[PDB]
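Quick notes on the structure that follows.
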Amino acid sequence: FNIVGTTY
Amino acid sequence: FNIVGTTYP
Amino acid sequence: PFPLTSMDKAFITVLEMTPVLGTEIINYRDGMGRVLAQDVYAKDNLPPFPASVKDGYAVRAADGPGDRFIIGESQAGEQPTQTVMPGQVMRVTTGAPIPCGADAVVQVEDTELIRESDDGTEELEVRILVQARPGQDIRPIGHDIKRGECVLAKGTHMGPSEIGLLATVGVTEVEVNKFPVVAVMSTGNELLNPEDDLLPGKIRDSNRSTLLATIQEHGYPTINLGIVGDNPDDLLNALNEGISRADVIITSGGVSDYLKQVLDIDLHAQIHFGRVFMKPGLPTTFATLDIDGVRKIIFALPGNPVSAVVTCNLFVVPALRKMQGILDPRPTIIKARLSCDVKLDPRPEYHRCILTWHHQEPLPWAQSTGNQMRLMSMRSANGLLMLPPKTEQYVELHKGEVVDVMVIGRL
Amino acid sequence: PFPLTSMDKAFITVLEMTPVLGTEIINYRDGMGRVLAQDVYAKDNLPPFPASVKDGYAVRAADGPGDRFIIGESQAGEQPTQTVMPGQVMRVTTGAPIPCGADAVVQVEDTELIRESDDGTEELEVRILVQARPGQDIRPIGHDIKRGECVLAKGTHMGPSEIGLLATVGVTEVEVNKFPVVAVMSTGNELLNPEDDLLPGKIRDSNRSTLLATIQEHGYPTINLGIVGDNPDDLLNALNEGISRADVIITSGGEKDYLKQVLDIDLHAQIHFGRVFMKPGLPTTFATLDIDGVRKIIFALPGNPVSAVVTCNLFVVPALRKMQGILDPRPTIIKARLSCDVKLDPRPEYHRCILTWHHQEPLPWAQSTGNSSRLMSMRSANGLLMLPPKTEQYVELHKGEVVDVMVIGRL
């Protein structure tokens with residue numbers, strides 16, 4: 001969980 | 001849809 | 001001796017027999033949750049004037065790259081009065097209207113200052129370094145919204161964005177479907193009011209408070225009929241007031257002769273089913289009554305607190321949504337993982353649970369709290385677990401397996 | 001000259017600087033959405049009397065299976081007065097209290113009628129076929145809830161189920177955290193009221209209507225400050241009234257520098273940031289003011305309608321939720337699939353979308369309608385797409401890939 005968008 | 005859930009593999 | 005009605009037959013029957021309410025005119029401020037019964041058309045163009053997109057200068061494209069005199073600045077809220085002549089330019093902002101004679105806007109990054117004003121800031125002369133395109137960086141008249149264009153279609157379920165859209169086009173009055181008024185009553189000689197201290201052989205009524213709170217969460221107006229004694233006379237009087245004041249009547253408990261009798265013989269209402277093959281919610285009863293060309297619907301919920309709230313979200317909630325004009329009143333169902341192992345029952349089972357999303361896990365987890373009498377969590381249940389009936393092959397489900405969960409509350 | 005603030009730094013700053021409101025006493029009927037500021041104890045036992053679980057007869061386990069005389073019947077709501085002697089039993093229902101002298105209940109399916117009452121109705125003698133276990137099919141006193149037992153802990157976010165629990169234990173008055181009062185105003189010389197017809201160089205104010213509608217959906221009381229002209233005098237008077245009447249002030253809408261003057265020099269407030277590295281929402285400004293030991297917060301949102309509503313759900317909404325006593329005011333973020341290919345921007349991007357679950361597909365699909373080319377769907381946006389910043393490897397995202405989506409509306 002973080003406000004900045006992540007990807008995998 | 002359906003009220004009964006049911007499942008898949 | 002009512003035949004066992006399947007969940008599908010019961011669920012579809014409620015939706016089919018539930019009518020759609022009429023229409024009324026309301027203010028746009030109260031449009032939250034309402035369903036449009038009319039098409040909405042714009043009577044003005046947006047924007048009503050040609051506006052710049054970038055901060056820079058409004059120029060004549062025919063002049064090309066050269067030396068220009070800055071004749072002034074256009075400000076929002078003020079229609080420009082100056083005319084851009086060949087060899088001249090005008091200071092512009094992102095929201096300012098484009099002056100007459102100008103056909104293009106060049107941003108400041110593509111310009112160089114020739115002259116500063118000897119005092120009091122301001123700009124005198126600028127060099128254009130780039131060949132501007134005709135209509136570059138300008139929002140033309142009616143670019144966003146055209147006159148006569150349909151901005152909202154009939155049947156649209158309006159939210160916060162739709163309200164602001166109405167304010168933009170200047171439509172302050174709109175036609176929407178009426179909201180259903182729901183009356184809720186409780187039956188039982190052992191029931192007392194929550195405000196009262198306990199008496200021998202008596203308990204406090206919890207169903208009425210919970211049912212009303214559930215309906216209020218969806219934004220529908222409610223009527224409290226109070227507690228009704230278990231006798232034919234009192235039921236008739238209570239139901240008569242409910243029909244007179246509301247479109248929907250909901251009763252809870254006391255099922256296991258008087259309730260079904262007065263509906264059939266005295267009220268001349270049509271009882272569709274009295275038992276449904278489900279767990280919980282077996283003694284659920286649904287009936288309709290037609291008076292003066294208007295159809296009233298009546299829900300008879302089980303006495304058990306858990307059974308009452310479960311049947312409410314499954315049958316009552318979708319029924320209410322159809323009356324207010326919602327095109328698809330069917331609830332939202334998502335995929336989730338089981339937190340604990342469960343044994344399957346010959347009946348389809350429903351019990352409250354909590355949906356939680358973890359770190360980058362595509363599927364949410366469903367935590368079983370349905371087995372009350374009680375898991376004390378700081379969070380309220382936002383989902384209803386939907387377990388399948390027992391079969392020859394499937395008798396037990398294991399932790400981690402994917403199941404359906406019906407969303408019943410705001411996540 | 002405000003420094004570029006990262007998205008993480010800005011979000012954490014808002015939550016850190018946002019205070020928690022005081023407490024107040026409310027009725028249990030208005031407890032929806034409220035957060036308990038007290039522990040809740042039951043003052044009575046549930047049930048207050050031993051109650052049967054099945055329909056049948058209350059027996060003495062020591063008597064065993066034999067022929068018994070029926071001395072009467074127990075009914076719900078009435079405390080039994082007869083005493084069960086050896087060789088006797090009492091007729092009972094599912095809700096009836098257990099009579100004195102009885103220690104077990106045998107359901108009717110395990111009994112057979114021996115003799116008729118010589119005339120009329122009622123049964124005098126019945127044969128019990130099964131050896132009853134001590135305490136079989138009986139709900140003992142305080143089986144569900146004991147006196148002195150804590151039923152609700154402090155910090156519990158109450159829903160419909162929690163309200164009914166209060167009614168059950170007989171707690172009609174509870175202490176909860178106050179709700180934040182939010183004032184919303186708009187700035188701009190080009191703005192007119194939605195009820196007014198358009199004038200040259202003017203447009204209708206949509207931000208005020210949208211912002212209020214968003215906050216109202218979460219159940220918070222609001223105050224309309226109307227449209228304020230772009231001048232220091234009118235801004236000062238507007239902000240002064242907002243502080244006096246509300247806890248939270250929200251403003252909307254180059255042009256950026258003039259506003260903060262009143263906040264810094266005249267209002268003596270502390271501006272934390274004026275620029276945020278995000279798209280959209282660049283000119284977002286947040287400031288705090290401490291007066292009389294009480295902290296007021298002020299939000300300055302961009303003039304653009306889309307930028308305003310996005311920043312509102314990202315910054316304002318979680319702040320408001322923290323104020324009402326919610327332990328985890330951080331929004332819910334789920335995983336979903338992209339419907340279309342998108343090019344990545346150097347800034348972190350947020351865009352309104354619609355979440356839809358399909359047939360047996362574990363992950364929901366997100367359809368971009370926020371972009372303006374407004375795509376007319378019957379449904380309002382219930383999610384906010386969270387696109388990642390451009391990287392060395394990723395410059396473009398592909399259809400089907402999993403992205404973060406923030407839930408902002410009821411599914």
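Chain labels A, B, ... are given in the sequence in which chains occur in the structure tokens; within each chain residues are numbered consecutively from 1, and ligands are likewise numbered from 1 in the order shown.
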
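Near range 147-156 of chain C, within 6 Å and counting only C-alpha atoms, sit residues 35, 36, 37, 38, 39, 40, 41, 42, 43, 44 and 45 of chain C; 378 of chain D, not including residues fewer than 3 positions from it in the same chain.
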
Exercise. DSSP says strand (DSSP E or B) for which residues of range 32-281 of chain C? Put them as a ChimeraX atom specification?
Worked result: /C:35-36,40-41,46,51-52,56-59,67-73,83,88-92,97,100,104-107,111-116,123-128,138-139,145,150-152,157,173-177,182-187,191-192,203-204,222-228,248-252,270-273,276,279

Those residues you just picked out, can you put them in a file as an mmCIF file, in the first residue's frame with C-alpha atoms?
```cif
data_model
loop_
_atom_site.group_PDB
_atom_site.id
_atom_site.type_symbol
_atom_site.label_atom_id
_atom_site.label_comp_id
_atom_site.auth_asym_id
_atom_site.auth_seq_id
_atom_site.Cartn_x
_atom_site.Cartn_y
_atom_site.Cartn_z
ATOM 1 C CA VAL C 35 -32.978 8.981 -11.643
ATOM 2 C CA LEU C 36 -33.684 11.276 -14.597
ATOM 3 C CA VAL C 40 -31.402 17.278 -20.574
ATOM 4 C CA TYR C 41 -30.366 19.706 -23.308
ATOM 5 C CA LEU C 46 -19.422 26.370 -23.669
ATOM 6 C CA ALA C 51 -10.571 31.366 -24.993
ATOM 7 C CA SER C 52 -6.810 30.811 -24.852
ATOM 8 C CA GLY C 56 1.366 33.886 -23.686
ATOM 9 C CA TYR C 57 0.177 36.222 -26.425
ATOM 10 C CA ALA C 58 -2.816 36.319 -28.772
ATOM 11 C CA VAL C 59 -1.405 36.964 -32.242
ATOM 12 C CA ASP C 67 8.419 42.258 -33.935
ATOM 13 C CA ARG C 68 5.115 43.036 -32.219
ATOM 14 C CA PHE C 69 3.751 45.835 -30.039
ATOM 15 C CA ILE C 70 1.916 44.737 -26.897
ATOM 16 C CA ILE C 71 -1.316 46.733 -26.860
ATOM 17 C CA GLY C 72 -2.780 45.339 -23.638
ATOM 18 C CA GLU C 73 -4.065 42.360 -21.668
ATOM 19 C CA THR C 83 -8.566 45.107 -31.833
ATOM 20 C CA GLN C 88 0.584 44.151 -32.786
ATOM 21 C CA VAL C 89 -0.006 41.534 -30.093
ATOM 22 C CA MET C 90 -1.980 41.183 -26.844
ATOM 23 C CA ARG C 91 -1.063 39.683 -23.463
ATOM 24 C CA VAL C 92 -3.343 36.763 -22.596
ATOM 25 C CA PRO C 97 -11.144 35.637 -23.989
ATOM 26 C CA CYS C 100 -10.969 40.489 -32.156
ATOM 27 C CA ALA C 104 -3.678 32.238 -32.890
ATOM 28 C CA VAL C 105 -1.963 32.172 -29.493
ATOM 29 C CA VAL C 106 1.773 31.701 -28.935
ATOM 30 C CA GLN C 107 2.982 30.621 -25.493
ATOM 31 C CA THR C 111 8.931 34.368 -27.352
ATOM 32 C CA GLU C 112 11.690 36.773 -26.329
ATOM 33 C CA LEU C 113 11.343 40.152 -24.641
ATOM 34 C CA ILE C 114 12.727 43.080 -26.619
ATOM 35 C CA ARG C 115 11.961 45.895 -24.223
ATOM 36 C CA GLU C 116 11.191 46.268 -20.554
ATOM 37 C CA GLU C 123 5.912 44.439 -21.087
ATOM 38 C CA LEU C 124 6.397 46.612 -24.180
ATOM 39 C CA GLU C 125 7.806 44.592 -27.104
ATOM 40 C CA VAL C 126 8.228 40.877 -27.883
ATOM 41 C CA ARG C 127 9.871 38.686 -30.541
ATOM 42 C CA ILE C 128 7.966 35.761 -32.048
ATOM 43 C CA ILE C 138 -7.443 28.458 -28.736
ATOM 44 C CA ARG C 139 -10.718 26.966 -27.496
ATOM 45 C CA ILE C 145 -20.698 21.927 -25.288
ATOM 46 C CA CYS C 150 -27.896 16.335 -25.157
ATOM 47 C CA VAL C 151 -25.716 16.418 -22.043
ATOM 48 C CA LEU C 152 -27.684 13.927 -19.930
ATOM 49 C CA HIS C 157 -28.449 7.790 -12.141
ATOM 50 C CA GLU C 173 -35.310 22.147 -12.492
ATOM 51 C CA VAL C 174 -35.479 18.527 -13.641
ATOM 52 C CA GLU C 175 -37.982 15.647 -13.740
ATOM 53 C CA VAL C 176 -37.134 12.511 -11.744
ATOM 54 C CA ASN C 177 -38.827 9.380 -10.394
ATOM 55 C CA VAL C 182 -41.353 2.498 3.556
ATOM 56 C CA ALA C 183 -43.323 1.644 6.694
ATOM 57 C CA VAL C 184 -41.840 -0.804 9.204
ATOM 58 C CA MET C 185 -43.674 -2.586 12.026
ATOM 59 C CA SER C 186 -42.904 -5.385 14.487
ATOM 60 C CA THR C 187 -45.147 -8.175 15.786
ATOM 61 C CA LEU C 191 -41.332 -7.388 22.435
ATOM 62 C CA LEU C 192 -40.661 -4.145 24.310
ATOM 63 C CA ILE C 203 -37.114 -8.604 25.610
ATOM 64 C CA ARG C 204 -36.173 -5.457 23.679
ATOM 65 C CA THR C 222 -39.270 5.764 6.314
ATOM 66 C CA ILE C 223 -42.267 5.532 8.654
ATOM 67 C CA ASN C 224 -42.247 3.924 12.103
ATOM 68 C CA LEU C 225 -45.461 2.018 12.837
ATOM 69 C CA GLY C 226 -44.179 0.803 16.202
ATOM 70 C CA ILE C 227 -44.840 -2.543 17.872
ATOM 71 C CA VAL C 228 -48.073 -4.393 17.088
ATOM 72 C CA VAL C 248 -44.170 -0.398 1.005
ATOM 73 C CA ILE C 249 -44.965 -2.208 4.264
ATOM 74 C CA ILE C 250 -42.452 -4.345 6.170
ATOM 75 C CA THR C 251 -43.298 -6.582 9.133
ATOM 76 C CA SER C 252 -40.946 -8.666 11.279
ATOM 77 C CA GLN C 270 -52.317 -11.567 -3.032
ATOM 78 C CA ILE C 271 -49.716 -13.640 -1.181
ATOM 79 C CA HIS C 272 -47.157 -14.970 -3.662
ATOM 80 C CA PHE C 273 -45.005 -17.201 -1.441
ATOM 81 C CA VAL C 276 -38.178 -20.024 0.620
ATOM 82 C CA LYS C 279 -30.501 -20.244 5.160
#
```

For this session: For range 264-275 of chain D, list every protein, DNA or RNA residue within 8 Å, evaluated using only C-alpha atoms, and leave out those in the same chain fewer than 6 positions away; present the list as a PyMOL selection string.
Result: chain D and resi 2-5+10+236+282-290

Exercise. Within 10 Å of chain D, which residues of chain B show up when using only C-alpha atoms, listed as an NGL selection string?
Worked result: :B and (1 or 7-8)

Export of the given selection (N, CA, C and O atoms) as a compact mmCIF listing (two decimals), in the first residue's frame:
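File produced: result18.txt:
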```txt
# COMPACT_ATOMS: atom_id res chain seq x y z
N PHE B 1 -26.86 -13.20 -13.69
CA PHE B 1 -26.14 -13.74 -12.54
C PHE B 1 -26.93 -14.84 -11.85
O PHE B 1 -27.93 -15.33 -12.37
N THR B 7 -18.59 -22.16 -7.57
CA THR B 7 -17.16 -21.92 -7.62
C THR B 7 -16.55 -22.44 -8.93
O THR B 7 -17.20 -23.16 -9.70
N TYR B 8 -15.30 -22.04 -9.17
CA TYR B 8 -14.53 -22.50 -10.32
C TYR B 8 -13.15 -22.93 -9.82
O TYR B 8 -12.71 -22.49 -8.75
```

With 10 Å as the cut-off and only C-alpha atoms counted, what is the closest atom pair between each nearby residue of chain A and chain C? Distances in Å to one decimal, ordered by chain and number, as JSON lines.
```
{"residue": "A:1", "atom": "CA", "partner": "C:359", "partner_atom": "CA", "distance": 5.7}
{"residue": "A:2", "atom": "CA", "partner": "C:359", "partner_atom": "CA", "distance": 9.3}
{"residue": "A:6", "atom": "CA", "partner": "C:360", "partner_atom": "CA", "distance": 9.1}
{"residue": "A:7", "atom": "CA", "partner": "C:360", "partner_atom": "CA", "distance": 9.2}
{"residue": "A:8", "atom": "CA", "partner": "C:360", "partner_atom": "CA", "distance": 9.3}
```

For this session: Pick out the closest residue to chain D from this set: C:382, C:367, C:311, C:117. Count only C-alpha atoms.
Result: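 Nearest to chain D: C:382.
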
Chain C near chain D within 6 Å: what's each residue's closest atom pair and its distance in Å to one decimal, counting only C-alpha atoms, ordered by chain then ascending residue number, as a Markdown table?
```
| residue | atom | partner | partner_atom | distance |
| --- | --- | --- | --- | --- |
| C:76 | CA | D:190 | CA | 5.6 |
| C:77 | CA | D:190 | CA | 3.7 |
| C:78 | CA | D:201 | CA | 5.4 |
| C:79 | CA | D:201 | CA | 5.2 |
| C:156 | CA | D:378 | CA | 4.6 |
| C:157 | CA | D:379 | CA | 5.9 |
| C:159 | CA | D:380 | CA | 5.8 |
| C:160 | CA | D:213 | CA | 5.2 |
| C:164 | CA | D:210 | CA | 4.8 |
| C:167 | CA | D:194 | CA | 5.1 |
| C:168 | CA | D:204 | CA | 5.3 |
| C:170 | CA | D:194 | CA | 5.3 |
| C:189 | CA | D:77 | CA | 5.3 |
| C:190 | CA | D:77 | CA | 3.9 |
| C:194 | CA | D:167 | CA | 5.0 |
| C:201 | CA | D:77 | CA | 4.7 |
| C:202 | CA | D:77 | CA | 5.4 |
| C:204 | CA | D:168 | CA | 5.6 |
| C:206 | CA | D:164 | CA | 5.2 |
| C:209 | CA | D:164 | CA | 5.7 |
| C:210 | CA | D:164 | CA | 4.8 |
| C:213 | CA | D:160 | CA | 5.3 |
| C:214 | CA | D:160 | CA | 5.6 |
| C:335 | CA | D:362 | CA | 5.4 |
| C:362 | CA | D:335 | CA | 5.6 |
| C:373 | CA | D:144 | CA | 5.1 |
| C:378 | CA | D:156 | CA | 4.5 |
| C:379 | CA | D:157 | CA | 5.8 |
| C:410 | CA | D:410 | CA | 5.2 |
```

Would you mind exporting the chosen residues as a JSON list (two decimals), in the first residue's frame, restricted to N, CA and C atoms?
```json
[["chain", "number", "residue", "atom", "x", "y", "z"],
["C", 76, "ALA", "N", -10.23, 37.63, -17.47],
["C", 76, "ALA", "CA", -11.46, 36.85, -17.33],
["C", 76, "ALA", "C", -12.57, 37.67, -16.70],
["C", 77, "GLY", "N", -13.78, 37.55, -17.26],
["C", 77, "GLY", "CA", -14.92, 38.27, -16.75],
["C", 77, "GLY", "C", -15.13, 39.58, -17.48],
["C", 78, "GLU", "N", -14.20, 39.88, -18.39],
["C", 78, "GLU", "CA", -14.26, 41.12, -19.16],
["C", 78, "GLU", "C", -14.08, 40.86, -20.65],
["C", 79, "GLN", "N", -15.09, 41.22, -21.43],
["C", 79, "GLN", "CA", -15.02, 41.09, -22.88],
["C", 79, "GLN", "C", -14.04, 42.11, -23.45],
["C", 156, "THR", "N", -30.51, 8.25, -16.43],
["C", 156, "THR", "CA", -29.20, 8.44, -15.81],
["C", 156, "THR", "C", -29.29, 8.55, -14.30],
["C", 157, "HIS", "N", -28.53, 7.72, -13.60],
["C", 157, "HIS", "CA", -28.45, 7.79, -12.14],
["C", 157, "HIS", "C", -27.41, 8.83, -11.75],
["C", 159, "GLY", "N", -24.91, 11.47, -9.95],
["C", 159, "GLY", "CA", -24.00, 11.61, -8.83],
["C", 159, "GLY", "C", -23.51, 13.04, -8.71],
["C", 160, "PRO", "N", -22.42, 13.25, -7.96],
["C", 160, "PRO", "CA", -21.84, 14.59, -7.75],
["C", 160, "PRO", "C", -21.43, 15.28, -9.05],
["C", 164, "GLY", "N", -23.08, 18.95, -10.98],
["C", 164, "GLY", "CA", -22.26, 20.06, -11.44],
["C", 164, "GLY", "C", -22.46, 20.33, -12.92],
["C", 167, "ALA", "N", -25.58, 22.34, -13.34],
["C", 167, "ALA", "CA", -25.33, 23.72, -12.96],
["C", 167, "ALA", "C", -24.64, 24.49, -14.09],
["C", 168, "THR", "N", -23.78, 23.79, -14.83],
["C", 168, "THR", "CA", -23.04, 24.40, -15.93],
["C", 168, "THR", "C", -23.96, 24.83, -17.07],
["C", 170, "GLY", "N", -27.13, 25.29, -16.92],
["C", 170, "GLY", "CA", -28.18, 26.17, -16.44],
["C", 170, "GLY", "C", -29.55, 25.54, -16.32],
["C", 189, "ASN", "N", -45.72, -10.52, 21.23],
["C", 189, "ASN", "CA", -46.15, -10.16, 22.58],
["C", 189, "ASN", "C", -44.98, -10.02, 23.55],
["C", 190, "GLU", "N", -43.83, -10.58, 23.17],
["C", 190, "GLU", "CA", -42.66, -10.57, 24.04],
["C", 190, "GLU", "C", -41.77, -9.36, 23.80],
["C", 194, "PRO", "N", -36.92, -0.33, 23.00],
["C", 194, "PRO", "CA", -35.52, -0.22, 23.42],
["C", 194, "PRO", "C", -35.30, 0.73, 24.60],
["C", 201, "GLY", "N", -40.33, -12.08, 31.20],
["C", 201, "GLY", "CA", -40.82, -12.71, 29.99],
["C", 201, "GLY", "C", -40.74, -11.82, 28.77],
["C", 202, "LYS", "N", -40.08, -10.68, 28.91],
["C", 202, "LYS", "CA", -40.01, -9.70, 27.83],
["C", 202, "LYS", "C", -38.57, -9.41, 27.40],
["C", 204, "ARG", "N", -36.15, -6.70, 24.45],
["C", 204, "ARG", "CA", -36.17, -5.46, 23.68],
["C", 204, "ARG", "C", -36.23, -5.71, 22.17],
["C", 206, "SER", "N", -35.22, -5.21, 18.56],
["C", 206, "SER", "CA", -34.02, -4.76, 17.87],
["C", 206, "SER", "C", -34.20, -4.73, 16.35],
["C", 209, "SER", "N", -35.36, -1.21, 14.72],
["C", 209, "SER", "CA", -34.29, -0.21, 14.68],
["C", 209, "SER", "C", -33.28, -0.50, 13.57],
["C", 210, "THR", "N", -32.95, -1.78, 13.40],
["C", 210, "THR", "CA", -31.97, -2.19, 12.41],
["C", 210, "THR", "C", -32.50, -2.03, 10.98],
["C", 213, "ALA", "N", -32.70, 1.61, 9.90],
["C", 213, "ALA", "CA", -31.35, 2.13, 9.68],
["C", 213, "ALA", "C", -30.79, 1.68, 8.34],
["C", 214, "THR", "N", -31.13, 0.46, 7.93],
["C", 214, "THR", "CA", -30.66, -0.09, 6.67],
["C", 214, "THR", "C", -31.27, 0.66, 5.48],
["C", 335, "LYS", "N", -15.48, -11.11, -6.35],
["C", 335, "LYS", "CA", -14.75, -12.32, -5.98],
["C", 335, "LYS", "C", -13.85, -12.07, -4.78],
["C", 362, "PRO", "N", -4.48, -9.40, -5.58],
["C", 362, "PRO", "CA", -5.55, -9.12, -6.54],
["C", 362, "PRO", "C", -6.95, -9.38, -5.99],
["C", 373, "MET", "N", -23.25, -14.70, 18.59],
["C", 373, "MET", "CA", -23.58, -15.38, 19.84],
["C", 373, "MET", "C", -22.79, -16.67, 20.03],
["C", 378, "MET", "N", -13.32, -3.48, 14.90],
["C", 378, "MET", "CA", -13.54, -2.03, 14.88],
["C", 378, "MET", "C", -14.31, -1.61, 13.63],
["C", 379, "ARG", "N", -14.41, -2.53, 12.68],
["C", 379, "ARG", "CA", -15.05, -2.25, 11.40],
["C", 379, "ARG", "C", -16.39, -2.98, 11.28],
["C", 410, "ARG", "N", -21.13, 0.54, 1.95],
["C", 410, "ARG", "CA", -20.07, 1.37, 1.38],
["C", 410, "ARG", "C", -18.70, 0.87, 1.80]]
```

Exercise. What are the DSSP helix (DSSP H, G or I) residues of range 132-371 of chain D, as a ChimeraX atom specification?
Worked result: /D:160-169,207-217,232-245,257-266,305-323

Problem set entry | Test item: residues at most 7 Å from residue 224 in chain D, only C-alpha atoms, excluding those fewer than 4 positions along its chain, as a list in words |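 Skipping anything fewer than 4 positions along the chain leaves residues 183, 184 and 185 of chain D.
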
Those same residues, written as a PDB file, in the first residue's frame with N, CA and C atoms?
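And here is the file that came out, selection.pdb:
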```
ATOM      1  N   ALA D 183     -17.168  24.532   4.827  1.00  0.00           N
ATOM      2  CA  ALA D 183     -17.631  25.661   4.033  1.00  0.00           C
ATOM      3  C   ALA D 183     -16.957  25.657   2.664  1.00  0.00           C
ATOM      4  N   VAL D 184     -17.743  25.883   1.616  1.00  0.00           N
ATOM      5  CA  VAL D 184     -17.219  25.871   0.255  1.00  0.00           C
ATOM      6  C   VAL D 184     -17.531  27.175  -0.468  1.00  0.00           C
ATOM      7  N   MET D 185     -16.498  27.791  -1.034  1.00  0.00           N
ATOM      8  CA  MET D 185     -16.649  29.049  -1.756  1.00  0.00           C
ATOM      9  C   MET D 185     -15.919  29.009  -3.092  1.00  0.00           C
TER      10      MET D 185
END
```

Considering only C-alpha atoms, tabulate each residue of chain D that lies at most 12 Å from chain A along with its nearest interatomic pair and the corresponding distance in Å to one decimal; arrange the rows by chain and ascending residue number and present them as CSV.
```
residue,atom,partner,partner_atom,distance
D:6,CA,A:4,CA,9.6
D:7,CA,A:4,CA,7.2
D:8,CA,A:3,CA,6.4
D:9,CA,A:3,CA,10.1
D:10,CA,A:3,CA,10.4
D:11,CA,A:3,CA,8.1
D:12,CA,A:3,CA,9.7
D:277,CA,A:4,CA,11.4
D:278,CA,A:4,CA,10.3
D:314,CA,A:3,CA,9.4
D:315,CA,A:3,CA,11.2
D:330,CA,A:3,CA,9.5
D:331,CA,A:3,CA,9.5
D:332,CA,A:1,CA,9.8
D:333,CA,A:1,CA,8.1
D:334,CA,A:1,CA,9.9
D:335,CA,A:7,CA,10.3
D:336,CA,A:7,CA,11.4
D:337,CA,A:7,CA,11.5
D:344,CA,A:5,CA,11.6
D:347,CA,A:4,CA,10.4
D:348,CA,A:4,CA,7.2
D:349,CA,A:5,CA,8.5
D:350,CA,A:5,CA,9.5
D:384,CA,A:5,CA,11.7
D:385,CA,A:5,CA,9.3
D:386,CA,A:5,CA,5.7
D:387,CA,A:5,CA,5.7
D:388,CA,A:5,CA,4.5
D:389,CA,A:5,CA,7.5
D:390,CA,A:5,CA,10.7
D:391,CA,A:6,CA,11.0
D:393,CA,A:7,CA,11.5
D:394,CA,A:7,CA,9.7
D:397,CA,A:7,CA,9.8
D:398,CA,A:7,CA,11.6
D:401,CA,A:7,CA,8.4
D:402,CA,A:7,CA,7.0
D:403,CA,A:7,CA,6.5
D:404,CA,A:5,CA,6.2
D:405,CA,A:5,CA,9.0
D:406,CA,A:3,CA,9.6
```

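Rounded to one decimal, CA of residue 310 in chain C and CA of residue 277 in chain C lie 13.9 Å from each other.
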
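Nearest-residue note for residue 21 in chain D: choosing from D:90, D:105, D:129, D:323, the minimum distance belongs to D:323, counting only C-alpha atoms.
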